[PDB]
S.K.: 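Please read through the structure below; I'll follow up with questions.
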Amino acid sequence: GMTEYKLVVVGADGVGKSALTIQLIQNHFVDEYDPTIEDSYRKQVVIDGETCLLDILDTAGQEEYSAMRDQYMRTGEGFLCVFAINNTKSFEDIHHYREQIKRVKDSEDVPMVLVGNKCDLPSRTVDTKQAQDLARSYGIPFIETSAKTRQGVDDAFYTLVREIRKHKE
Ligand SMILES: Cn1cnc(Cn2ccc3ccc(CNCc4[nH]c5ccccc5c4[C@H]4NC(=O)c5ccc(O)cc54)cc32)c1
Ligand SMILES: Nc1nc2c(ncn2[C@@H]2O[C@H](COP(=O)(O)OP(=O)(O)CP(=O)(O)O)[C@@H](O)[C@H]2O)c(=O)[nH]1
Ligand SMILES: [Mg+2]
(Lines give C-alpha, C1' and ligand atoms only; values in the text may rest on other atoms or scores of the structure.)
(Ligands and ions follow the chains in the order given, each with its own letter.)
Protein backbone atom coordinates (compact mmCIF):
# COMPACT_ATOMS: atom_id res chain seq x y z
CA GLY A 1 0.00 0.00 0.00
CA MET A 2 0.86 3.69 0.59
CA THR A 3 2.25 4.94 3.94
CA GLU A 4 3.60 8.28 5.12
CA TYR A 5 6.75 8.33 7.27
CA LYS A 6 7.72 11.43 9.27
CA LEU A 7 11.55 11.48 9.37
CA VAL A 8 13.66 14.03 11.23
CA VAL A 9 17.30 14.89 10.42
CA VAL A 10 19.14 16.11 13.56
CA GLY A 11 22.73 16.92 14.52
CA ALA A 12 25.29 19.68 15.17
CA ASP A 13 25.42 22.89 13.14
CA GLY A 14 27.37 22.02 9.95
CA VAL A 15 27.37 18.18 9.94
CA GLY A 16 25.57 18.22 6.58
CA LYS A 17 21.87 17.75 7.51
CA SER A 18 20.59 19.98 4.66
CA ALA A 19 23.08 18.68 2.06
CA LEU A 20 22.10 15.06 2.95
CA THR A 21 18.36 15.82 2.50
CA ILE A 22 18.80 17.94 -0.67
CA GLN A 23 21.00 15.20 -2.18
CA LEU A 24 18.31 12.54 -1.49
CA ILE A 25 15.43 14.71 -2.87
CA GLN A 26 16.97 16.91 -5.60
CA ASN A 27 20.01 14.74 -6.64
CA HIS A 28 22.58 17.52 -6.15
CA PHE A 29 25.23 18.54 -3.63
CA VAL A 30 24.95 22.00 -2.01
CA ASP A 31 28.52 23.36 -1.51
CA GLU A 32 27.16 26.57 0.08
CA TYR A 33 26.58 26.95 3.83
CA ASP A 34 23.00 28.27 4.31
CA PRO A 35 22.00 27.82 8.01
CA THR A 36 18.59 26.19 8.48
CA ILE A 37 15.74 27.36 10.75
CA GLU A 38 13.37 24.55 9.59
CA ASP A 39 12.38 23.13 6.20
CA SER A 40 10.47 20.03 5.15
CA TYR A 41 10.99 17.94 2.01
CA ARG A 42 9.09 15.12 0.30
CA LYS A 43 10.09 11.95 -1.56
CA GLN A 44 7.86 9.17 -2.89
CA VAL A 45 9.89 5.95 -3.09
CA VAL A 46 9.20 2.19 -3.21
CA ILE A 47 10.91 0.38 -0.27
CA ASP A 48 10.40 -3.43 0.02
CA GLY A 49 7.30 -3.23 -2.25
CA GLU A 50 5.62 -0.45 -0.24
CA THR A 51 5.00 3.04 -1.66
CA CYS A 52 6.60 5.24 1.00
CA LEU A 53 5.73 8.94 1.20
CA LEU A 54 8.78 10.34 3.07
CA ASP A 55 7.97 13.58 4.87
CA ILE A 56 11.41 14.77 5.94
CA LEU A 57 12.07 17.53 8.45
CA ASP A 58 15.43 19.32 8.04
CA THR A 59 16.13 20.90 11.46
CA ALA A 60 18.33 23.66 12.96
CA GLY A 61 21.80 22.78 14.23
CA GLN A 62 22.09 26.32 15.69
CA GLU A 63 21.38 26.22 19.48
CA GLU A 64 19.42 29.51 18.95
CA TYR A 65 16.42 27.43 17.71
CA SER A 66 16.68 24.59 20.32
CA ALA A 67 13.17 25.43 21.80
CA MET A 68 11.65 24.01 18.54
CA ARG A 69 13.02 20.53 19.37
CA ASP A 70 10.25 19.35 21.78
CA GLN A 71 7.35 19.66 19.25
CA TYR A 72 9.21 18.20 16.24
CA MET A 73 10.48 15.30 18.40
CA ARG A 74 6.91 14.48 19.59
CA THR A 75 5.67 14.59 15.95
CA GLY A 76 8.60 12.78 14.25
CA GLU A 77 8.46 8.98 13.88
CA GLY A 78 12.13 8.29 13.14
CA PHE A 79 15.40 10.17 13.55
CA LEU A 80 18.55 10.38 11.46
CA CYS A 81 21.22 11.37 14.07
CA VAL A 82 23.95 12.92 11.93
CA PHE A 83 27.53 13.68 12.95
CA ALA A 84 30.45 14.59 10.63
CA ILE A 85 33.41 12.12 10.51
CA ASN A 86 35.85 15.14 10.75
CA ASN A 87 34.07 16.60 13.83
CA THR A 88 34.44 14.74 17.19
CA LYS A 89 32.25 17.37 18.98
CA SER A 90 29.33 16.56 16.58
CA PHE A 91 29.89 12.84 17.41
CA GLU A 92 29.69 13.64 21.18
CA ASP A 93 26.53 15.78 20.53
CA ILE A 94 24.63 12.65 19.32
CA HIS A 95 24.22 11.60 23.01
CA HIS A 96 22.36 14.87 23.87
CA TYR A 97 20.06 14.70 20.79
CA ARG A 98 19.28 11.00 21.51
CA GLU A 99 18.58 11.74 25.23
CA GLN A 100 16.10 14.54 24.36
CA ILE A 101 14.30 12.43 21.69
CA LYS A 102 13.87 9.46 24.12
CA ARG A 103 12.66 11.72 26.97
CA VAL A 104 10.25 13.86 24.87
CA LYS A 105 8.74 10.72 23.21
CA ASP A 106 8.92 8.56 26.43
CA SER A 107 10.44 5.80 24.23
CA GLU A 108 13.94 4.37 24.69
CA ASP A 109 13.09 2.26 21.67
CA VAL A 110 12.61 5.25 19.21
CA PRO A 111 13.42 4.44 15.51
CA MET A 112 16.85 5.98 14.94
CA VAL A 113 19.86 5.61 12.62
CA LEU A 114 23.40 6.89 13.44
CA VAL A 115 24.80 8.69 10.36
CA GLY A 116 28.52 9.47 9.92
CA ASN A 117 28.45 12.08 7.16
CA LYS A 118 31.24 13.63 4.95
CA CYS A 119 32.88 10.21 4.25
CA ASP A 120 34.28 11.57 0.99
CA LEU A 121 36.82 13.56 3.23
CA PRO A 122 40.30 12.05 3.98
CA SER A 123 41.08 14.18 7.12
CA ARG A 124 38.83 12.01 9.37
CA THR A 125 38.84 12.22 13.22
CA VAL A 126 36.01 9.73 14.05
CA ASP A 127 36.93 6.20 12.88
CA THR A 128 34.40 3.61 11.59
CA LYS A 129 35.02 1.40 14.70
CA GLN A 130 34.24 4.28 17.19
CA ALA A 131 30.89 4.90 15.47
CA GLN A 132 30.06 1.16 15.15
CA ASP A 133 30.73 0.75 18.92
CA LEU A 134 28.48 3.75 19.72
CA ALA A 135 25.67 2.45 17.46
CA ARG A 136 26.03 -1.04 19.12
CA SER A 137 25.70 0.63 22.59
CA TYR A 138 22.43 2.23 21.36
CA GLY A 139 21.24 -0.93 19.55
CA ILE A 140 20.69 1.09 16.34
CA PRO A 141 22.13 0.91 12.76
CA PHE A 142 25.22 2.96 11.73
CA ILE A 143 25.59 4.18 8.13
CA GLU A 144 28.50 6.16 6.62
CA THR A 145 27.31 8.81 4.13
CA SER A 146 28.44 11.54 1.78
CA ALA A 147 25.96 14.20 0.65
CA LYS A 148 28.62 15.02 -1.99
CA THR A 149 29.05 11.61 -3.72
CA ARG A 150 25.68 10.11 -2.54
CA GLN A 151 27.61 7.26 -0.75
CA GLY A 152 25.17 5.58 1.70
CA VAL A 153 22.47 8.33 1.37
CA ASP A 154 19.60 6.11 0.09
CA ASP A 155 20.67 3.36 2.58
CA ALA A 156 20.52 5.82 5.56
CA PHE A 157 16.98 7.02 4.74
CA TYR A 158 15.64 3.57 3.70
CA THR A 159 17.12 1.91 6.84
CA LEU A 160 15.31 4.54 8.99
CA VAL A 161 11.99 3.75 7.24
CA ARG A 162 12.59 0.00 7.93
CA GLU A 163 13.32 0.80 11.63
CA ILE A 164 9.97 2.73 11.86
CA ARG A 165 8.11 -0.14 10.12
CA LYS A 166 9.59 -2.66 12.65
CA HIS A 167 8.75 -0.41 15.64
CA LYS A 168 5.10 -0.17 14.49
CA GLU A 169 4.99 -4.00 15.13
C1 LIG B 1 6.75 23.79 9.97
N2 LIG B 1 6.69 23.37 8.57
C3 LIG B 1 7.39 22.37 8.01
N4 LIG B 1 7.12 22.28 6.73
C5 LIG B 1 6.21 23.28 6.44
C6 LIG B 1 5.64 23.46 5.07
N7 LIG B 1 4.22 23.12 5.08
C8 LIG B 1 3.18 24.02 5.01
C9 LIG B 1 2.00 23.37 5.15
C10 LIG B 1 2.29 21.98 5.30
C11 LIG B 1 1.53 20.81 5.48
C12 LIG B 1 2.16 19.58 5.63
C13 LIG B 1 3.55 19.47 5.58
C14 LIG B 1 4.24 18.13 5.76
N15 LIG B 1 4.68 17.87 7.14
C16 LIG B 1 5.76 18.78 7.60
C17 LIG B 1 6.45 18.11 8.74
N18 LIG B 1 7.26 17.01 8.53
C19 LIG B 1 7.68 16.52 9.76
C20 LIG B 1 8.49 15.44 10.06
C21 LIG B 1 8.75 15.16 11.40
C22 LIG B 1 8.27 16.00 12.40
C23 LIG B 1 7.44 17.08 12.09
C24 LIG B 1 7.14 17.36 10.76
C25 LIG B 1 6.38 18.38 10.08
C26 LIG B 1 5.55 19.47 10.73
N27 LIG B 1 4.25 18.93 11.14
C28 LIG B 1 3.98 19.04 12.45
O29 LIG B 1 2.96 18.65 13.02
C30 LIG B 1 5.14 19.73 13.05
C31 LIG B 1 5.39 20.08 14.37
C32 LIG B 1 6.58 20.70 14.70
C33 LIG B 1 7.51 20.99 13.70
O34 LIG B 1 8.63 21.68 14.05
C35 LIG B 1 7.25 20.65 12.38
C36 LIG B 1 6.05 20.01 12.05
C37 LIG B 1 4.31 20.61 5.37
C38 LIG B 1 3.69 21.85 5.25
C39 LIG B 1 5.94 23.95 7.60
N1 LIG C 1 32.75 17.19 1.62
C2 LIG C 1 31.47 17.16 2.09
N3 LIG C 1 30.91 18.34 2.51
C4 LIG C 1 29.65 18.36 3.04
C5 LIG C 1 28.88 17.12 3.16
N6 LIG C 1 27.68 17.45 3.68
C7 LIG C 1 27.68 18.79 3.88
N8 LIG C 1 28.84 19.34 3.45
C9 LIG C 1 29.24 20.76 3.50
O10 LIG C 1 29.21 21.21 4.85
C11 LIG C 1 28.68 22.53 4.94
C12 LIG C 1 27.43 22.48 5.84
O13 LIG C 1 26.43 21.63 5.24
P14 LIG C 1 24.87 21.83 5.59
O15 LIG C 1 24.11 20.77 4.86
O16 LIG C 1 24.48 23.28 5.42
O17 LIG C 1 24.96 21.47 7.16
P18 LIG C 1 23.78 21.73 8.22
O19 LIG C 1 24.02 20.65 9.37
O20 LIG C 1 22.42 21.64 7.60
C21 LIG C 1 24.01 23.41 8.86
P22 LIG C 1 22.65 23.97 9.91
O23 LIG C 1 22.57 23.08 11.22
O24 LIG C 1 22.97 25.50 10.28
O25 LIG C 1 21.39 23.92 9.14
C26 LIG C 1 28.38 22.98 3.50
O27 LIG C 1 29.50 23.74 3.03
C28 LIG C 1 28.28 21.66 2.73
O29 LIG C 1 28.72 21.76 1.38
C30 LIG C 1 29.55 15.87 2.70
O31 LIG C 1 28.96 14.76 2.78
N32 LIG C 1 30.82 15.97 2.23
MG1 LIG D 1 20.84 22.93 7.45
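Indexing begins at 1, ligand by ligand and atom by atom, following the structure's order. As a basis for the values below, the full set of heavy atoms in this structure was taken, side chains included, without hydrogen atoms, waters or symmetry mates. By convention here, the first residue in the shown sequence is residue 1.
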S.K.: Looking only at non-hydrogen atoms, find the nearest pair between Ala12 and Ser90 and report the distance.
M.R.: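 Looks like CB-CB, 3.7 Å.
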
S.K.: Could you tell me whether atom 8 (C) of ligand 1 has at least one protein heavy atom nearer than 4.0 Å?
M.R.: no

S.K.: For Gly61, counting its heavy atoms only, list the atoms of ligand 2 lying under 4.0 Å from any of them.
M.R.: 23 (O)

S.K.: Protein heavy atoms near atom 34 (O) of ligand 1, is at least one of them under 4.0 angstrom away?
M.R.: yes

S.K.: When only distance counts, is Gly11 in polar contact with ligand 2, meaning an N/O pair under 3.5 Å?
M.R.: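 Such a contact does not occur with ligand 2.
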
S.K.: Report yes if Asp34 has an N/O atom closer than 3.5 Å to an N/O atom of ligand 2; otherwise report no.
M.R.: no

S.K.: Closer than 4.0 Å to some heavy atom of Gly76 - which atoms of ligand 1 meet that?
M.R.: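 Within the 4.0 Å cut-off of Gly76, ligand 1 contributes 21 (C), 22 (C).
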
S.K.: Run the numbers on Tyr97 and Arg69 for side chain to side chain contact (heavy atoms under 4.5 Å, CB included), then give the verdict.
M.R.: CA-CA 9 Å; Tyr97 268 103; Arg69 290 182 202 161; 3.2 Å; yes

S.K.: Can you confirm whether something in the protein, heavy atoms only, sits under 4.0 Å from atom 22 (C) of ligand 1?
M.R.: yes

S.K.: Identify whether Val153 and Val161 are in the same connected component of the hydrophobic contact network (ILVMFWY, side-chain heavy atoms under 4.5 Å).
M.R.: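 Linked within one cluster.
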
S.K.: Consider every N or O of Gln62 and every N or O of ligand 2, then say whether any pair is closer than 3.5 Å.
M.R.: no

S.K.: Counting heavy atoms not belonging to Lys168, are there more than 12 under 6.0 Å from its NZ?
M.R.: yes

S.K.: Kindly determine whether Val45 and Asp154 satisfy side chain to side chain contact (heavy atoms under 4.5 Å, CB included), including the steps that lead there.
M.R.: CA-CA 10 Å; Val45 67; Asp154 300 290; over 6 Å; no

S.K.: To the nearest 0.1 Å, how far is atom 11 (C) of ligand 2 from its closest protein heavy atom, and which atom is that?
M.R.: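 Protein heavy atom at minimum distance: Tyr33 CD1, 3.7 Å.
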
S.K.: Looking at every non-hydrogen atom in both residues, tell me the closest pair between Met112 and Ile101 and how far apart they are.
M.R.: CE-CD1, 3.8 Å

S.K.: Check ligand 1 against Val8 and write out every atom of the ligand that is under 4.0 Å from a heavy-atom position of the residue.
M.R.: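 It comes down to these atoms of ligand 1: 21 (C), 22 (C).
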
S.K.: Quick check on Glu108: does its CD atom have over 12 non-hydrogen neighbours (other residues, nucleotides or ligands) under 6.0 Å away?
M.R.: no

S.K.: Report the nearest protein non-hydrogen atom to atom 10 (O) of ligand 2: residue, atom name, distance rounded to 0.1 Å.
M.R.: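 The closest one turns out to be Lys118 NZ, 3.2 Å.
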
S.K.: Can you confirm, on distance only, whether ligand 2 has an N/O atom lying under 3.5 Å from any N/O atom belonging to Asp120?
M.R.: yes

S.K.: Out of all atoms in ligand 2, which are within 4.0 Å of some heavy atom of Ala12? Include the element for each.
M.R.: 19 (O)

S.K.: Same cluster or not: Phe79 versus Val113, using hydrophobic residues (I, L, V, M, F, W, Y) connected whenever any side-chain heavy atoms lie under 4.5 Å apart?
M.R.: no

S.K.: Are more than 12 heavy atoms, taken from residues, nucleotides or ligands other than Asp48, located less than 6.0 Å from that residue's CG atom?
M.R.: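 Enclosed.
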
S.K.: In Å and rounded to the nearest 0.5 Å, what is the CG to CZ distance from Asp106 to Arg74?
M.R.: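 Here the interatomic distance stands at 9.5 Å.
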
S.K.: How long is the straight-line distance from CE of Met2 back to CG of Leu53, given to the nearest 0.5 Å?
M.R.: 5.5 Å

S.K.: Rounded to the nearest 0.5 Å, how far does CD of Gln130 lie from OG1 of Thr128?
M.R.: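 These two atoms lie 9.5 Å from each other.
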
S.K.: My understanding is that we take every heavy atom of each candidate and find the minimum distance to atom 20 (O) of ligand 2. Doing that for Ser146, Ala84, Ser18, which one comes out nearest?
M.R.: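 The option holding the nearest heavy atom is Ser18.
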
S.K.: If you have a sec, work out which protein heavy atom is nearest atom 24 (C) of ligand 1 and how many Å separate them, to one decimal?
M.R.: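 In this structure, atom 24 (C) of ligand 1 has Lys6 CE, 3.8 Å as its nearest protein heavy atom.
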
S.K.: Within the protein, is there a heavy atom lying under 4.0 Å from atom 28 (C) of ligand 1?
M.R.: yes

S.K.: Any nitrogen or oxygen of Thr145 lying under 3.5 Å from a nitrogen or oxygen in ligand 2? Just yes or no.
M.R.: no

S.K.: Ignoring hydrogens, what is the shortest heavy-atom contact between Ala135 and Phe142? Give both atom names and the distance.
M.R.: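 Closest approach of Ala135 to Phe142: CB-CB, 3.6 Å.
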
S.K.: Can you hop from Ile94 to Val104 via hydrophobic side chains spaced under 4.5 Å?
M.R.: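 Yes, one cluster joins them.
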
S.K.: Considering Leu7, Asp39, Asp55, which one's heavy-atom position lies nearest to atom 14 (C) of ligand 1?
M.R.: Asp55

S.K.: Report yes or no: does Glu32 have a heavy atom closer than 4.0 Å to ligand 2?
M.R.: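 Flag set, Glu32 near ligand 2.
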
S.K.: What is the nearest protein non-hydrogen atom to atom 36 (C) of ligand 1, stated with its residue, atom name and distance?
M.R.: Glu38 OE2, 4.7 Å

S.K.: Return yes if some donor-acceptor pair links the side-chain N/O of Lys105 with the main-chain N/O of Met73 below 3.5 Å, else return no.
M.R.: yes

S.K.: Can you tell me the protein heavy atom closest to atom 15 (O) of ligand 2 and the distance?
M.R.: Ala19 N, 2.8 Å

S.K.: Based purely on interatomic distance, does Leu121 place a nitrogen or oxygen under 3.5 Å from a nitrogen or oxygen of ligand 2?
M.R.: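 There is no such contact.
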
S.K.: Checking a contact table here: which protein heavy atom is nearest atom 31 (O) of ligand 2, and how many Å away?
M.R.: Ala147 N, 2.8 Å

S.K.: Among all the protein's non-hydrogen atoms, which is closest to atom 6 (N) of ligand 2, and how far away is it?
M.R.: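 So the nearest neighbour among protein heavy atoms is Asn117 ND2, 3.2 Å.
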
S.K.: Let me see the working for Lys17 and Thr21 under side chain to side chain contact (heavy atoms under 4.5 Å, CB included), right down to the final yes or no.
M.R.: CA-CA 6 Å; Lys17 296 177 296 297; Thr21 307; 5.6 Å; no

S.K.: Which residue supplies the protein heavy atom nearest to atom 29 (O) of ligand 2, what is that atom called, and how far is it?
M.R.: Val30 O, 2.7 Å

S.K.: Taking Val15 as the starting point, is it possible to reach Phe29 by hopping between hydrophobic residues whose side chains are less than 4.5 Å apart?
M.R.: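 No; tracing contacts between hydrophobic side chains, which count when under 4.5 Å, never links both residues.
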
S.K.: In the protein, what heavy atom is nearest to atom 24 (O) of ligand 2, and what distance, to one decimal place, separates them?
M.R.: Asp13 OD1, 2.6 Å

S.K.: Looking only at the side chains, is there a donor atom on one of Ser18 and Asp58 sitting less than 3.5 Å from an acceptor on the other?
M.R.: yes

S.K.: On a heavy-atom basis, I'd like to know which of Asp31, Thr59, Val9, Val115 is closest to atom 27 (O) of ligand 2.
M.R.: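 Closest candidate by heavy-atom distance is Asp31.
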
S.K.: State whether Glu4 and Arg42 are salt-bridged, where the test is any N-O pair (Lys NZ or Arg NE/NH1/NH2 against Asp/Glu carboxylate O) under 4.0 Å.
M.R.: no

S.K.: Within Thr59, is some N, O or S atom less than 2.8 Å away from the Mg ion (ligand 3)?
M.R.: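 Of the N, O and S atoms in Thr59, none lies under 2.8 Å from the Mg ion (ligand 3), which means no.
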
S.K.: What protein heavy atom is closest to atom 3 (C) of ligand 1, reported as residue, atom name and distance in Å?
M.R.: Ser40 OG, 3.6 Å

S.K.: Side chains of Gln132 and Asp127: is there a donor and an acceptor less than 3.5 Å apart?
M.R.: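 No, because no side-chain N or O of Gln132 sits under 3.5 Å from a partner of the opposite role on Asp127.
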
S.K.: Specify the protein heavy atom at minimum distance from atom 14 (P) of ligand 2: its residue, its atom name, and the distance to 0.1 Å.
M.R.: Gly16 CA, 3.8 Å

S.K.: Within a distance of under 4.0 Å, is there any protein heavy atom near atom 11 (C) of ligand 1?
M.R.: no

S.K.: Does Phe29 reach ligand 2 with a nitrogen or oxygen that is under 3.5 Å from one of the ligand's nitrogen or oxygen atoms?
M.R.: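 Checking ligand 2 against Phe29, no N or O pair falls under 3.5 Å apart.
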
S.K.: Got the closest protein heavy atom to atom 32 (C) of ligand 1, with its distance?
M.R.: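 Answer, as residue, atom name and distance: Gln71 CG, 3.7 Å.
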
S.K.: Against heavy atoms of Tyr72, which atoms of ligand 1 measure under 4.0 Å?
M.R.: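 Here the atoms of ligand 1 in question are 22 (C), 32 (C), 33 (C), 34 (O).
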
S.K.: Do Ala60 and ligand 2 have an N or O pair less than 3.5 Å apart?
M.R.: no

